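There is one chain below, alone, in structure tokens, taken in the form deposited in one PDB entry.
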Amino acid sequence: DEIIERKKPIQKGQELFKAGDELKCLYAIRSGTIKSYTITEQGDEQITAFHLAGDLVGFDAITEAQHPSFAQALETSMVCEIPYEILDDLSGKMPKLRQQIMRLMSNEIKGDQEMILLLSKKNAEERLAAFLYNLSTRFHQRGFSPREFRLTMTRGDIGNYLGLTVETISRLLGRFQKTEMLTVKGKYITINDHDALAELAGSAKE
């Protein structure tokens, strides 16, 4: 009867919600970048995922109508916030919509499962490769140059997420640059050899 695509101006640094917040809205990334993290008892930040354009945020909060995690813009971002009730209401009416919602949640499970394997079996070189490959192909997927993209998150955040040093991360980028596999200019990454990167990415060797 009346669809609305009201978009919202989320500046860098600010939270979509907090860990404990009641699930009012799910948030759809129309543009920009969100990170999801949690704070440990000891008080440290641990990032559990990164969200890009197209991605929906808060799936982990449905079960208990409560956000178990923080979200935060890593840059200026545009969001469409949906009251869950409305969503489920509309996806009950619309097949190819929920079929997509299922598909999107499905994909977040697949991802975390991959992230679990990564943290289990993969070495530092493999993790960064797997990370850059993933980023790269979600861009290419969404519609971007599969070879040039910008790292929106810090190198710190990448290390946090992959369980690696900022030192380590920058050394690795040097290696990838030295091999011509990759071109790095500040936050911009150019892939010159997707093959080689994919190899490195999907290894998991001792």
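From 1 onward, residues are counted along the sequence shown.
S.K.: Could you settle it for me: does 85-93 or 108-116 have the higher average Cα B factor in the PDB entry?
M.R.: In the deposited entry, the stretch with the higher C-alpha B-factor mean is 85-93.
S.K.: Out of 22-30 and 163-171, which stretch has the higher average CA B-factor listed in the record?
M.R.: Looking at the record's C-alpha B-factors, the answer is 22-30.
S.K.: If you compare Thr179, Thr154, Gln141, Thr38, which has the highest Cα B-factor in the entry?
M.R.: That would be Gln141, according to the entry.
S.K.: What third of its chain, lowest, middle or highest, does the C-alpha temperature factor of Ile3 fall into?
M.R.: Top third by C-alpha B-factor.
S.K.: Taking the entry's C-alpha B-factors for this chain, is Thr48 in the lowest, middle or highest third?
M.R.: Tercile = lowest for this residue's CA B-factor.
S.K.: When the modelled residues of the chain are sorted by Cα temperature factor, does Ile158 land in the lowest, middle or highest third?
M.R.: Tercile = lowest for this residue's CA B-factor.
S.K.: Pull the Cα B-factor of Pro9 out of the PDB entry and bin it into the chain's lowest, middle or highest third.
M.R.: CA B-factor rank for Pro9: highest third.
S.K.: Splitting the chain's C-alpha B-factors into thirds, which one does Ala73 fall into?
M.R.: As the PDB entry reports it, the C-alpha B-factor of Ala73 lands in the middle third of its chain.
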